[PDB]
Each structure stands twice: as structure tokens, then as C-alpha cells.
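Student: As input, take input-v3.csv (CSV, C-alpha atoms):
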chain,number,residue,atom,x,y,z
A,92,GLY,CA,10.6,113.0,-121.7
A,93,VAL,CA,7.4,114.6,-123.0
A,94,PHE,CA,9.3,116.7,-125.5
A,95,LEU,CA,11.8,115.3,-128.1
A,96,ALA,CA,15.4,115.0,-127.2
A,97,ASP,CA,16.2,117.4,-130.1
A,98,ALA,CA,15.2,120.8,-128.6
A,99,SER,CA,14.9,122.1,-132.2
A,100,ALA,CA,12.8,119.2,-133.6
A,101,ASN,CA,10.6,120.5,-136.4
A,102,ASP,CA,6.8,120.7,-136.5
A,103,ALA,CA,6.2,117.4,-138.2
A,104,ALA,CA,8.6,115.5,-135.9
A,105,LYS,CA,6.9,116.9,-132.8
A,106,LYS,CA,3.5,115.8,-134.3
A,107,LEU,CA,4.7,112.3,-135.0
A,108,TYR,CA,6.0,112.1,-131.4
A,109,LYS,CA,2.8,113.3,-130.0
A,110,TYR,CA,0.9,110.6,-131.9
A,111,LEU,CA,3.3,107.9,-130.7
A,112,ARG,CA,2.7,108.9,-127.1
A,113,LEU,CA,-1.0,108.8,-127.7
A,114,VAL,CA,-0.8,105.3,-129.1
A,115,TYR,CA,1.5,104.1,-126.4
A,116,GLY,CA,-0.2,101.6,-124.0
A,117,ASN,CA,-3.4,101.6,-126.0
A,118,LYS,CA,-2.5,99.9,-129.3
A,119,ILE,CA,0.7,98.7,-131.0
A,120,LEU,CA,1.9,100.0,-134.3
A,121,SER,CA,2.7,97.5,-137.0
A,122,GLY,CA,6.0,97.8,-138.9
A,123,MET,CA,8.1,95.9,-141.4
A,124,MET,CA,11.7,96.0,-142.4
A,125,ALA,CA,12.9,96.8,-146.0
A,126,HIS,CA,14.1,94.0,-148.1
A,127,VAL,CA,17.7,94.6,-147.0
A,128,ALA,CA,18.1,98.3,-147.5
A,129,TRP,CA,16.2,101.0,-149.4
A,130,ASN,CA,12.6,99.9,-150.3
A,131,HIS,CA,9.3,98.9,-148.8
A,132,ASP,CA,9.1,95.6,-150.7
A,133,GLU,CA,8.2,93.5,-147.6
A,134,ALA,CA,5.5,95.9,-146.5
A,135,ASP,CA,4.1,95.6,-150.0
A,136,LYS,CA,4.1,91.8,-149.6
A,137,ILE,CA,2.2,92.0,-146.3
A,138,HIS,CA,-0.3,94.2,-148.2
A,139,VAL,CA,-0.7,91.6,-150.9
A,140,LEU,CA,-1.2,88.9,-148.3
A,141,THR,CA,-3.5,90.7,-145.9
A,142,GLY,CA,-5.0,93.7,-147.7
A,143,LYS,CA,-3.3,95.9,-145.2
A,144,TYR,CA,0.1,97.7,-145.1
A,145,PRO,CA,2.2,97.8,-141.9
A,146,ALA,CA,2.1,101.3,-140.5
A,147,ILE,CA,5.9,101.7,-140.3
A,148,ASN,CA,8.5,100.8,-143.0
A,149,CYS,CA,12.1,100.8,-142.0
A,150,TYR,CA,15.0,101.7,-144.4
A,151,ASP,CA,18.6,100.8,-143.7
A,152,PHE,CA,21.6,103.0,-144.7
A,153,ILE,CA,23.7,99.7,-144.7
A,154,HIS,CA,25.1,100.3,-148.2
A,155,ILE,CA,25.5,104.1,-148.2
A,156,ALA,CA,29.3,103.7,-148.8
A,157,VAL,CA,29.1,101.6,-152.0
A,158,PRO,CA,30.5,103.5,-155.0
A,159,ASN,CA,28.8,104.1,-158.4
A,160,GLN,CA,25.2,104.4,-157.1
A,161,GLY,CA,22.5,105.4,-159.6
A,162,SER,CA,19.4,104.3,-161.3
A,163,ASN,CA,21.3,101.4,-162.8
A,164,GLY,CA,23.8,100.9,-160.0
A,165,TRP,CA,23.4,98.2,-157.5
A,166,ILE,CA,21.5,100.5,-155.1
A,167,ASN,CA,20.8,104.3,-155.1
A,168,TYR,CA,20.4,106.3,-151.9
A,169,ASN,CA,20.4,109.5,-154.0
A,170,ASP,CA,16.8,108.7,-155.1
A,171,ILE,CA,14.6,109.1,-152.0
A,172,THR,CA,11.4,108.1,-153.8
A,173,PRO,CA,11.2,104.7,-152.0
A,174,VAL,CA,10.9,106.7,-148.8
A,175,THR,CA,8.8,109.7,-149.9
A,176,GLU,CA,6.2,107.7,-151.7
A,177,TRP,CA,5.7,105.7,-148.5
A,178,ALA,CA,5.0,108.9,-146.6
A,179,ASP,CA,2.8,110.2,-149.4
A,180,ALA,CA,0.6,107.2,-148.9
A,181,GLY,CA,0.4,107.9,-145.2
A,182,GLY,CA,3.0,105.5,-143.9
A,183,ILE,CA,5.4,106.3,-141.0
A,184,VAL,CA,9.1,106.2,-141.8
A,185,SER,CA,11.7,104.4,-139.8
A,186,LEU,CA,15.5,104.6,-140.5
A,187,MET,CA,18.5,102.5,-139.2
A,188,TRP,CA,22.1,102.1,-140.3
A,189,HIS,CA,24.1,98.9,-140.2
A,190,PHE,CA,27.3,101.0,-140.2
A,191,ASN,CA,29.4,98.9,-142.7
A,192,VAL,CA,33.1,99.9,-143.0
A,193,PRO,CA,35.8,98.7,-145.3
A,194,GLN,CA,37.4,95.4,-144.4
A,195,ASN,CA,40.7,97.2,-143.9
A,196,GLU,CA,42.7,100.3,-144.7
A,197,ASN,CA,43.7,99.0,-148.1
A,198,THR,CA,40.2,97.8,-149.3
A,199,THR,CA,38.0,99.8,-151.6
A,200,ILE,CA,34.3,98.9,-151.1
A,201,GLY,CA,32.9,97.5,-154.3
A,202,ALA,CA,29.8,98.7,-156.3
A,203,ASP,CA,28.1,95.4,-155.5
A,204,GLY,CA,28.7,95.8,-151.7
A,205,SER,CA,31.9,93.7,-151.6
A,206,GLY,CA,34.8,94.7,-149.3
A,207,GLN,CA,32.6,95.6,-146.2
A,208,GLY,CA,32.7,94.4,-142.6
A,209,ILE,CA,30.9,95.3,-139.4
A,210,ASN,CA,32.9,93.8,-136.5
A,211,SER,CA,36.4,92.6,-135.8
A,212,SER,CA,35.9,89.2,-137.4
A,213,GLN,CA,35.4,91.1,-140.7
A,214,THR,CA,37.3,94.5,-140.5
A,215,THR,CA,40.3,96.0,-138.8
A,216,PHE,CA,38.3,99.2,-138.3
A,217,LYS,CA,38.6,100.2,-134.6
A,218,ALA,CA,35.8,102.1,-132.8
A,219,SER,CA,38.4,104.0,-130.7
A,220,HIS,CA,39.9,105.4,-133.8
A,221,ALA,CA,36.7,106.6,-135.4
A,222,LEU,CA,36.8,109.8,-133.4
A,223,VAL,CA,40.5,110.4,-133.7
A,224,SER,CA,41.4,112.9,-136.5
A,225,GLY,CA,44.0,111.6,-138.8
A,226,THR,CA,43.1,107.9,-138.7
A,227,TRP,CA,41.8,106.0,-141.7
A,228,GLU,CA,38.8,105.0,-139.6
A,229,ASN,CA,37.9,108.7,-138.8
A,230,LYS,CA,38.2,109.7,-142.5
A,231,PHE,CA,35.7,107.0,-143.5
A,232,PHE,CA,33.5,107.5,-140.4
A,233,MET,CA,33.1,111.3,-141.1
A,234,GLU,CA,32.6,110.8,-144.8
A,235,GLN,CA,29.8,108.3,-144.4
A,236,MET,CA,28.2,110.1,-141.5
A,237,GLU,CA,28.1,113.1,-143.9
A,238,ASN,CA,26.6,111.0,-146.7
A,239,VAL,CA,23.9,109.8,-144.4
A,240,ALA,CA,23.3,113.2,-142.9
A,241,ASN,CA,22.9,114.6,-146.4
A,242,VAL,CA,20.3,111.9,-147.4
A,243,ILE,CA,18.4,112.7,-144.2
A,244,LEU,CA,18.5,116.4,-145.0
A,245,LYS,CA,17.0,115.7,-148.5
A,246,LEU,CA,14.3,113.6,-146.7
A,247,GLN,CA,13.7,116.6,-144.3
A,248,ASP,CA,13.4,119.0,-147.2
A,249,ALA,CA,10.7,116.8,-148.7
A,250,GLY,CA,8.8,116.8,-145.5
A,251,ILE,CA,9.9,113.4,-144.1
A,252,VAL,CA,10.3,112.7,-140.4
A,253,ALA,CA,11.4,109.4,-139.0
A,254,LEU,CA,12.2,107.1,-136.2
A,255,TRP,CA,16.0,106.9,-136.2
A,256,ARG,CA,17.7,103.8,-134.6
A,257,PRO,CA,21.4,104.0,-135.3
A,258,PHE,CA,24.3,102.1,-133.6
A,259,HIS,CA,22.0,99.3,-132.4
A,260,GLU,CA,22.6,96.3,-130.2
A,261,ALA,CA,25.8,97.9,-129.2
A,262,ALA,CA,26.6,95.8,-126.1
A,263,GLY,CA,26.1,92.5,-128.0
A,264,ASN,CA,27.4,89.7,-125.7
A,265,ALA,CA,30.0,91.9,-124.0
A,266,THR,CA,27.8,92.0,-120.8
A,267,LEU,CA,28.5,88.3,-120.3
A,268,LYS,CA,29.5,88.0,-116.6
A,269,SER,CA,32.1,85.2,-117.1
A,270,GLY,CA,34.2,87.3,-119.4
A,271,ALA,CA,34.7,84.5,-121.8
A,272,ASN,CA,36.1,85.3,-125.2
A,273,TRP,CA,32.7,84.9,-126.9
A,274,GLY,CA,31.3,87.5,-124.5
A,275,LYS,CA,31.9,90.3,-127.0
A,276,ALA,CA,30.0,92.9,-129.0
A,277,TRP,CA,29.0,91.8,-132.5
A,278,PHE,CA,29.1,95.3,-134.1
A,279,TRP,CA,32.3,97.4,-134.3
A,280,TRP,CA,30.6,100.3,-132.5
A,281,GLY,CA,30.6,98.3,-129.2
A,282,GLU,CA,33.9,96.5,-129.4
A,283,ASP,CA,35.8,99.2,-127.5
A,284,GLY,CA,33.4,99.4,-124.6
A,285,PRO,CA,30.5,101.5,-123.4
A,286,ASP,CA,32.3,104.9,-123.0
A,287,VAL,CA,33.6,104.9,-126.6
A,288,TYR,CA,30.1,103.8,-127.6
A,289,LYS,CA,28.4,106.6,-125.9
A,290,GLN,CA,30.9,109.0,-127.4
A,291,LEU,CA,29.9,107.7,-130.9
A,292,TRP,CA,26.2,108.3,-130.1
A,293,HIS,CA,26.8,111.8,-128.7
A,294,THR,CA,29.0,112.6,-131.7
A,295,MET,CA,26.4,111.6,-134.2
A,296,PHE,CA,23.6,113.4,-132.3
A,297,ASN,CA,25.5,116.6,-132.1
A,298,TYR,CA,26.8,116.4,-135.6
A,299,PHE,CA,23.3,115.8,-137.0
A,300,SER,CA,22.0,118.7,-134.9
A,301,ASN,CA,24.8,120.9,-136.2
A,302,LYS,CA,23.9,119.9,-139.8
A,303,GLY,CA,20.4,121.2,-139.2
A,304,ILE,CA,18.8,117.8,-139.0
A,305,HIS,CA,15.6,118.2,-136.9
A,306,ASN,CA,13.3,115.5,-138.3
A,307,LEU,CA,14.3,112.5,-136.2
A,308,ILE,CA,13.0,110.7,-133.2
A,309,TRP,CA,16.0,108.9,-131.6
A,310,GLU,CA,15.7,105.3,-130.6
A,311,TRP,CA,18.4,103.5,-128.5
A,312,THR,CA,18.4,99.7,-128.7
A,313,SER,CA,19.1,98.0,-125.4
A,314,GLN,CA,20.2,94.3,-125.1
A,315,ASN,CA,18.6,94.3,-121.6
A,316,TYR,CA,20.0,91.1,-120.0
A,317,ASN,CA,20.3,89.3,-123.3
A,318,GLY,CA,17.6,87.0,-122.1
A,319,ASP,CA,19.3,85.8,-118.9
A,320,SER,CA,20.3,88.0,-115.9
A,321,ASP,CA,21.9,85.0,-114.3
A,322,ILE,CA,24.8,85.1,-116.9
A,323,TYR,CA,24.6,88.7,-118.3
A,324,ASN,CA,24.7,92.0,-116.6
A,325,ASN,CA,22.3,94.5,-118.1
A,326,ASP,CA,23.6,97.2,-120.4
A,327,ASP,CA,22.7,100.3,-118.4
A,328,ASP,CA,26.3,101.5,-118.7
A,329,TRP,CA,25.8,101.7,-122.5
A,330,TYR,CA,22.7,104.0,-122.3
A,331,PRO,CA,23.6,107.3,-124.0
A,332,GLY,CA,21.4,109.3,-121.7
A,333,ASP,CA,17.9,110.9,-121.5
A,334,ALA,CA,19.0,114.0,-123.4
A,335,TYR,CA,20.1,111.8,-126.4
A,336,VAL,CA,17.3,109.2,-126.6
A,337,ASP,CA,13.5,109.4,-127.1
A,338,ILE,CA,12.6,105.7,-127.3
A,339,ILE,CA,14.1,102.5,-126.0
A,340,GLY,CA,14.1,99.5,-128.3
A,341,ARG,CA,14.7,95.8,-127.9
A,342,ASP,CA,15.4,93.2,-130.5
A,343,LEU,CA,13.9,89.7,-129.8
A,344,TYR,CA,13.7,86.6,-132.0
A,345,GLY,CA,11.7,83.5,-131.3
A,346,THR,CA,10.4,84.8,-128.0
A,347,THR,CA,7.1,83.7,-126.4
A,348,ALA,CA,4.4,86.1,-125.1
A,349,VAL,CA,5.3,85.7,-121.4
A,350,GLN,CA,9.0,86.1,-122.1
A,351,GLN,CA,8.3,89.3,-124.1
A,352,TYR,CA,6.4,90.7,-121.1
A,353,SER,CA,9.4,90.0,-119.0
A,354,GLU,CA,11.6,91.9,-121.4
A,355,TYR,CA,9.2,94.8,-121.9
A,356,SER,CA,8.4,95.2,-118.1
A,357,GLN,CA,12.1,95.1,-117.1
A,358,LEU,CA,13.0,97.8,-119.6
A,359,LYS,CA,10.0,99.8,-118.7
A,360,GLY,CA,11.0,99.7,-115.0
A,361,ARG,CA,14.6,100.9,-115.7
A,362,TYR,CA,13.5,103.6,-118.2
A,363,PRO,CA,10.3,104.8,-116.7
A,364,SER,CA,10.1,108.0,-118.8
A,365,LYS,CA,10.6,106.4,-122.2
A,366,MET,CA,8.4,104.4,-124.5
A,367,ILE,CA,9.6,100.8,-125.0
A,368,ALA,CA,9.5,99.3,-128.6
A,369,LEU,CA,10.0,95.9,-130.1
A,370,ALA,CA,12.5,97.3,-132.6
A,371,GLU,CA,13.2,93.9,-134.3
A,372,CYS,CA,11.5,90.5,-134.0
A,373,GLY,CA,11.1,87.4,-136.1
A,374,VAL,CA,11.4,83.6,-135.9
A,375,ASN,CA,14.6,82.0,-134.7
A,376,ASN,CA,15.9,78.5,-135.5
A,377,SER,CA,13.3,76.5,-133.5
A,378,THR,CA,10.4,78.8,-132.6
A,379,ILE,CA,8.1,81.5,-133.9
A,380,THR,CA,7.8,85.0,-132.5
A,381,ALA,CA,4.7,85.3,-130.4
A,382,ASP,CA,1.4,86.4,-131.9
A,383,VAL,CA,1.3,90.2,-131.2
A,384,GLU,CA,-2.1,90.2,-129.5
A,385,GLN,CA,-1.1,87.3,-127.3
A,386,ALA,CA,2.1,89.1,-126.2
A,387,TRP,CA,0.1,92.3,-125.7
A,388,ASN,CA,-2.4,90.5,-123.5
A,389,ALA,CA,0.5,89.0,-121.6
A,390,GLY,CA,1.6,92.6,-120.7
A,391,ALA,CA,4.2,93.2,-123.5
A,392,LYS,CA,2.7,96.6,-124.6
A,393,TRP,CA,5.5,97.6,-127.0
A,394,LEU,CA,5.0,100.9,-128.9
A,395,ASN,CA,5.5,99.1,-132.1
A,396,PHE,CA,6.9,95.8,-133.5
A,397,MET,CA,8.9,95.3,-136.7
A,398,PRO,CA,9.8,91.8,-138.0
A,399,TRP,CA,13.0,91.3,-139.9
A,400,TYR,CA,13.0,90.0,-143.5
A,401,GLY,CA,14.4,86.8,-144.9
A,402,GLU,CA,14.8,83.6,-142.8
A,403,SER,CA,13.6,85.6,-139.8
A,404,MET,CA,10.3,86.6,-141.4
A,405,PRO,CA,7.1,85.3,-139.7
A,406,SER,CA,4.9,83.1,-141.7
A,407,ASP,CA,2.1,84.2,-143.9
A,408,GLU,CA,-0.3,82.7,-141.4
A,409,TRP,CA,1.3,84.8,-138.6
A,410,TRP,CA,0.9,88.0,-140.5
A,411,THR,CA,-2.7,87.3,-141.6
A,412,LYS,CA,-3.7,86.9,-137.9
A,413,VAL,CA,-1.7,89.9,-136.7
A,414,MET,CA,-2.9,92.4,-139.2
A,415,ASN,CA,-6.5,91.6,-138.3
A,416,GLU,CA,-6.0,92.0,-134.6
A,417,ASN,CA,-7.8,95.2,-133.4
A,418,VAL,CA,-4.9,96.1,-131.0
A,419,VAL,CA,-2.5,96.3,-134.0
A,420,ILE,CA,-2.6,99.6,-136.0
A,421,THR,CA,-2.1,99.2,-139.8
A,422,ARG,CA,-1.3,101.9,-142.2
A,423,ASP,CA,-5.0,102.5,-143.2
A,424,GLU,CA,-5.9,102.7,-139.5
A,425,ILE,CA,-3.4,105.4,-138.5
A,426,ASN,CA,-5.8,108.1,-139.8
A,427,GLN,CA,-9.2,106.3,-140.1
Can I see the file as C-alpha cells?
Tutor:
Amino acid sequence: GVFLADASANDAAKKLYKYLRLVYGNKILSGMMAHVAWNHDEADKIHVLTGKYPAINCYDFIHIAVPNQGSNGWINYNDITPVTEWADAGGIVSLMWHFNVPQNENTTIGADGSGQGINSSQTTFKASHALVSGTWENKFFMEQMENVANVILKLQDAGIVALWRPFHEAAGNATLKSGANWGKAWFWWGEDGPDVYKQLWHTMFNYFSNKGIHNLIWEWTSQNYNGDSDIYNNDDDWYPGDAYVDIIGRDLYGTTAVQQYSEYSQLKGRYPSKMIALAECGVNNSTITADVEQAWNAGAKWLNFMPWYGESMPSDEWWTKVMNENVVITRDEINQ
């Protein structure tokens, strides 16, 4: 896995990947999620609080399908300045995509984001139909994958390269051993099982490649054992394969240092050739997410961490400690 999965990855993407492999196991990159979608507002807040920016900022294509975008629309993916200005200042770019779909075949998504859903409790959209020409699902799926591809191509033209983490947490709770009704995926892209899921991943990978997109480092998000191998199988059957994945990510909320080491070490053992990343973290209902240095010293040597915004966001005290830990790379420390 020393070279990127994309055989035609461009100069700058190969350079970013080389840097990540040099960081790996020595320090951990800081990161922060957008406030919802297309900004670096939370990274900015961390800078106001600590004097330092997170090294990585993640943007979400969640609302790509909303109509009437523009400078006084609700959102505007056509303006890539929130991303390019981050890169101009030396930050690293991360991208993800909560793949919202219309709630049903008769629903027009609203300019304010209404009319969208992401799993079967919210939409009739079936994963197994997304790849079948002639279905309403396939028409929307191809139109929005094209819209996202086209934004990424504009980013590429402007010199941007990015971590790309689509179709995440695919297995959800579907690996629950008992087979109870709540043992189900929580995003539509996993609700028709692992083979359809891997088909979706392969399809996007080959489509992006066919579109000439070569600025991405691909990150597949594993559920591991969902915290308990006693009652969950792991999600190895959902892994899209070495030729389609550069980095393995794991999303953990409210987890202690030793428990993070358990998660990191298990994934590292099953994916020996891949870097393992803490792709999402944050507080949960009752507990904080472990201090980063404490987790690192417990053995959880993630490539990077990225907390979520909102109710999940770690406290100001948490961030002040973390951004001053020498093992944590901040934006001003990537290159000096």
C-alpha cells in the first residue's frame, strides 16, 4: 500500500500521501469538521480559542442536491473558496458526503434542505436500485455523483487534493449477531447488504477515475465490532478491497484511551498495510472523548483525529489541552 490506490494520482496527491505516511506512528494530525457542510467555521473557532488551527478541515457534500444554490442561496457548492482559501493558508483538505436522497420518488428537495432522507426510516430510496438504469434512484444517484465529481474537478483544477471518505459507517448495526430488527444499517448505502455496498464503492471509484479525478486519497470507514465483539461480527465483508482504499477510518464517540487502543490495534491487525485514522470522534451522552495524548500514550496511534461539531464537540478545555500537546500536529506545525 505504499502507493495510492489511484494509479493515476496526481503529483500533489502523491505528495500529501507521502507526508501522511511519514507522520504515521510519530505524531497525530489534528482535524475539525465543518459546521455542517461547506466551511471551516469550527476550525476557526479552535484557532480563536487556542491560537492554533487544526491541520485538517473536513467539508461535507451533504447538501449538494439542494436547488437554487448561490451567493444568496441557503448554501453554495459552486463557490469553492471555503476550501481553496483553507489550502492557501496551508491547511489539509478532507471531504466526505452524507449522501442525502429525496424522501421518495415524488418529493422535490427544497432550497432549504427539506425533503431529504438518508435511510429507510426517512426515504423509500433503495440501494439495490441505485445502480439499475431506469429507476428513479439511479437517475438521482448518477446526477448527484456527477454534481459532486464536478465540484471535485474544480477543486483539482485549483490545485486542491483531499482525503475522501464517502459512504461511511456502511455496516451500521447490521453486523449484530442476534439478527434483531434494530440490527440494521443506519445509512441507505448499507441497507441492502455488503455486496451491494461494495458495488457502490467500486462504482464511485471507477466513475471518479473515468472523470479524470486524481486528487483524492480514499478512506474507508469501518465499524470494527461496534464496540463489542461478543454481540457484533466485524465488518470485514464490507471492506471494498486494497485496490479501492488507502486509509481505514473509525468513528468513535465518548471512548476512553484504553478503549481507543483496543479499537486502533484491532483494525491495525486486520489491515496491516493501511494507516488507521480516527475519522470522527466527540463526546457522547455521558462521557468525553479521551484526551488525544492520553489515547496516544495508551497505544491508539491514529493517523489523525477529527471531532464532530455541535452537541458532539469537545469542550473548550479539551481543545486547549489537545492543541498544546507536542504529539498533536496543528496547521502552523505541518510546515514549521
Student: Given only C-alpha atoms, how would the per-residue table for region 323-389 of chain A near region 92-109 of chain A read, listing every residue at most 6 Å away with its closest atom pair and distance in Å to one decimal, sorted by chain and number, as CSV?
Tutor:
residue,atom,partner,partner_atom,distance
A:334,CA,A:96,CA,5.3
A:335,CA,A:96,CA,5.7
A:337,CA,A:96,CA,5.9
A:364,CA,A:92,CA,5.8
Student: List as a Markdown table every residue of region 157-225 of chain A that is in contact with region 246-270 of chain A, defined as an atom at most 9 Å from one of its atoms (using only C-alpha atoms), together with the nearest atom pair and the distance in Å rounded to one decimal, sorted by chain and then rising number.
Tutor:
| residue | atom | partner | partner_atom | distance |
| --- | --- | --- | --- | --- |
| A:171 | CA | A:246 | CA | 7.0 |
| A:174 | CA | A:246 | CA | 8.0 |
| A:175 | CA | A:251 | CA | 7.0 |
| A:178 | CA | A:251 | CA | 7.1 |
| A:183 | CA | A:253 | CA | 7.0 |
| A:184 | CA | A:253 | CA | 4.8 |
| A:185 | CA | A:254 | CA | 4.5 |
| A:186 | CA | A:255 | CA | 4.9 |
| A:187 | CA | A:256 | CA | 4.8 |
| A:188 | CA | A:257 | CA | 5.4 |
| A:189 | CA | A:258 | CA | 7.3 |
| A:190 | CA | A:258 | CA | 7.3 |
Student: Please compute the CA of residue 340 (chain A)-CA of residue 354 (chain A) distance, one decimal, in Å.
Tutor: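 Atom-to-atom, CA of residue 340 (chain A) and CA of residue 354 (chain A) are spaced 10.6 Å apart.
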Student: Give me the residues of region 279-351 of chain A that have any atom at most 9 Å from an atom of region 228-241 of chain A; for each, the nearest atom pair and the distance in Å, rounded to one decimal. Use all atoms listed in the file, sort by chain and number, and format it as a tab-separated table.
Tutor:
residue	atom	partner	partner_atom	distance
A:295	CA	A:236	CA	7.7
A:298	CA	A:240	CA	8.7
A:299	CA	A:240	CA	6.4
A:302	CA	A:240	CA	7.4
A:304	CA	A:240	CA	7.5
Student: Taking the point (32.9, 109.4, -130.2) as given in the file, collect each protein or nucleic acid residue that comes within 10 Å of it, counting all atoms listed in the file, and present the set as an MDAnalysis selection string.
Tutor: chainID A and resid 218:223 229 280 286:295
Student: Determine, for each residue of region 383-421 of chain A having at least one atom at most 9 Å from an atom of region 142-151 of chain A, the closest pair of atoms and their separation in Å to one decimal, counting all atoms listed in the file; order by chain and ascending number, as JSON lines.
Tutor:
{"residue": "A:395", "atom": "CA", "partner": "A:147", "partner_atom": "CA", "distance": 8.6}
{"residue": "A:397", "atom": "CA", "partner": "A:147", "partner_atom": "CA", "distance": 7.9}
{"residue": "A:414", "atom": "CA", "partner": "A:143", "partner_atom": "CA", "distance": 7.0}
{"residue": "A:415", "atom": "CA", "partner": "A:143", "partner_atom": "CA", "distance": 8.7}
{"residue": "A:420", "atom": "CA", "partner": "A:146", "partner_atom": "CA", "distance": 6.7}
{"residue": "A:421", "atom": "CA", "partner": "A:146", "partner_atom": "CA", "distance": 4.7}
Student: For each of A:137, A:393, A:121, A:110, take the minimum atom-to-atom distance to residue 408 (chain A), counting all atoms listed in the file, then give the residue where this is smallest.
Tutor: A:137
Student: With N, CA, C and O atoms as the goal, would you fill in the gaps in region 227-241 of chain A and present it as an mmCIF file, in the frame of the given file?
Tutor:
data_model
loop_
_atom_site.group_PDB
_atom_site.id
_atom_site.type_symbol
_atom_site.label_atom_id
_atom_site.label_comp_id
_atom_site.auth_asym_id
_atom_site.auth_seq_id
_atom_site.Cartn_x
_atom_site.Cartn_y
_atom_site.Cartn_z
ATOM 1 N N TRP A 227 42.618 106.441 -140.576
ATOM 2 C CA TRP A 227 41.800 106.000 -141.700
ATOM 3 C C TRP A 227 40.357 105.762 -141.277
ATOM 4 O O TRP A 227 39.424 106.033 -142.046
ATOM 5 N N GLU A 228 40.147 105.284 -140.046
ATOM 6 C CA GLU A 228 38.800 105.000 -139.600
ATOM 7 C C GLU A 228 37.998 106.339 -139.511
ATOM 8 O O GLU A 228 36.835 106.394 -139.925
ATOM 9 N N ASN A 229 38.613 107.390 -138.955
ATOM 10 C CA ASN A 229 37.900 108.700 -138.800
ATOM 11 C C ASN A 229 37.592 109.276 -140.169
ATOM 12 O O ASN A 229 36.509 109.853 -140.352
ATOM 13 N N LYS A 230 38.491 109.146 -141.143
ATOM 14 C CA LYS A 230 38.200 109.700 -142.500
ATOM 15 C C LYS A 230 36.937 109.026 -143.055
ATOM 16 O O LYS A 230 36.006 109.715 -143.506
ATOM 17 N N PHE A 231 36.873 107.691 -143.012
ATOM 18 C CA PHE A 231 35.700 107.000 -143.500
ATOM 19 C C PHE A 231 34.460 107.300 -142.665
ATOM 20 O O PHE A 231 33.372 107.524 -143.208
ATOM 21 N N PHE A 232 34.609 107.272 -141.339
ATOM 22 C CA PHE A 232 33.500 107.500 -140.400
ATOM 23 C C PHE A 232 32.857 108.891 -140.734
ATOM 24 O O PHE A 232 31.626 108.995 -140.880
ATOM 25 N N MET A 233 33.678 109.946 -140.821
ATOM 26 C CA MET A 233 33.100 111.300 -141.100
ATOM 27 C C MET A 233 32.530 111.361 -142.497
ATOM 28 O O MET A 233 31.467 111.964 -142.688
ATOM 29 N N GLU A 234 33.171 110.738 -143.486
ATOM 30 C CA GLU A 234 32.600 110.800 -144.800
ATOM 31 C C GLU A 234 31.283 110.121 -144.933
ATOM 32 O O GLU A 234 30.372 110.618 -145.610
ATOM 33 N N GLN A 235 31.119 108.987 -144.253
ATOM 34 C CA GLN A 235 29.800 108.300 -144.400
ATOM 35 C C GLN A 235 28.773 108.894 -143.478
ATOM 36 O O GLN A 235 27.601 108.933 -143.858
ATOM 37 N N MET A 236 29.143 109.368 -142.286
ATOM 38 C CA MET A 236 28.200 110.100 -141.500
ATOM 39 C C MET A 236 27.657 111.342 -142.244
ATOM 40 O O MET A 236 26.473 111.693 -142.156
ATOM 41 N N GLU A 237 28.539 111.984 -143.015
ATOM 42 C CA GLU A 237 28.100 113.100 -143.900
ATOM 43 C C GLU A 237 27.191 112.632 -144.973
ATOM 44 O O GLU A 237 26.183 113.290 -145.255
ATOM 45 N N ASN A 238 27.524 111.529 -145.648
ATOM 46 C CA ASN A 238 26.600 111.000 -146.700
ATOM 47 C C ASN A 238 25.245 110.716 -146.154
ATOM 48 O O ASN A 238 24.234 111.015 -146.804
ATOM 49 N N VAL A 239 25.177 110.101 -144.960
ATOM 50 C CA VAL A 239 23.900 109.800 -144.400
ATOM 51 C C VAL A 239 23.148 111.022 -143.945
ATOM 52 O O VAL A 239 21.955 111.197 -144.239
ATOM 53 N N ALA A 240 23.842 111.914 -143.233
ATOM 54 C CA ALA A 240 23.300 113.200 -142.900
ATOM 55 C C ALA A 240 22.662 113.879 -144.133
ATOM 56 O O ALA A 240 21.548 114.417 -144.087
ATOM 57 N N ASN A 241 23.400 113.855 -145.249
ATOM 58 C CA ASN A 241 22.900 114.600 -146.400
ATOM 59 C C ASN A 241 21.673 113.898 -147.015
ATOM 60 O O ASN A 241 20.781 114.608 -147.509
#
